[PDB]
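Below you'll find only one chain, the form deposited in one PDB entry, shown as structure tokens.
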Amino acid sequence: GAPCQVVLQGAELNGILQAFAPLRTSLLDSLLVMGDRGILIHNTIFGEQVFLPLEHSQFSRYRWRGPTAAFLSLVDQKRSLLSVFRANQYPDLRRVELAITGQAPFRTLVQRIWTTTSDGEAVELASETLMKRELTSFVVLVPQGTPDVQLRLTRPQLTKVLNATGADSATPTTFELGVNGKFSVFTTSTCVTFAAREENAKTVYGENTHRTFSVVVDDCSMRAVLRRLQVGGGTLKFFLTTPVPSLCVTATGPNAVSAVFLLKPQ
């Protein structure tokens, strides 16, 4: 068979379907980046950076050889490679393969699809097959390192923070962590406060509560982005030891999607 092969069926396929179910149409136009670690999916929503890592551990079979590969999700500017994972696209779906063949930088990905039929038997849904050659060259910029602070918020709490965020550049939003774990988010009007502690509606759990900080965002798309992505509770991850500080919000529901927002001024 192919030198590079990825397979989903049964429990692993149900895992990926559950991961895409809340994401709806938000990832259909995107960059797929593939290597020995897994598939990293990249997009920008309202100008903000968005990532979905799929680890090799989440596939029925995952086998890779040779360099990293990158593919744009759109085929012939119409159909998306990621369509198969939308919540109701193929109701009878049973198994999915990616086969990647050839020599860099001219490898081709072929995606194949199987559905359930009489007596539960698999049939290849051959009309739906997609083929895409890798990008001849590409550059993508990715997060790296460990965040200075991490805080976990529920389905409530996170929706309170999003509502407390300023509506526009006319009113910037401050995120702050004060003495004795007093997490707060506020602007010229709205304010919310929580009690952070190390790893009850006011309580928050985090990895590094001692590191006090205060940071601003002043063109804040994040209430648009995180509701577009339907994030049902997540981890706020702060990068503070950096010329442009950043907030990465990672979802903690069925979806492990992350969005990264640049902060100000520090």
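The first residue of the sequence shown is number 1, and the count goes up from there. Between two forms, the rigid core is defined as the largest C-alpha subset superposing within 1.5 Å.
There is another form of the same protein, the form deposited in another entry; it is not shown, and what comes next is about it.
Rigid core superposed between the shown form and the other one, residues 37, 211, 227, 61 considered: the one with a C-alpha shift of 2 Å or more is 211. Superposed on the core, the two forms differ at residue 255: its CA moves 2 Å or more between the shown form and the other one. Residue 103: CA moves less than 2 Å between the shown form and the other one after rigid-core fitting. Fitting the two forms on the rigid core leaves the C-alpha of residue 179 displaced by at least 2 angstroms between the shown form and the other one.
Note on residue 38 and residue 254: their C-alpha atoms are nearer in the other form, a change of at least 3 Å from this conformation. Annotation for the pair residue 254/residue 36: C-alpha atoms approach each other in the other form, by 3 Å or more compared with this form.
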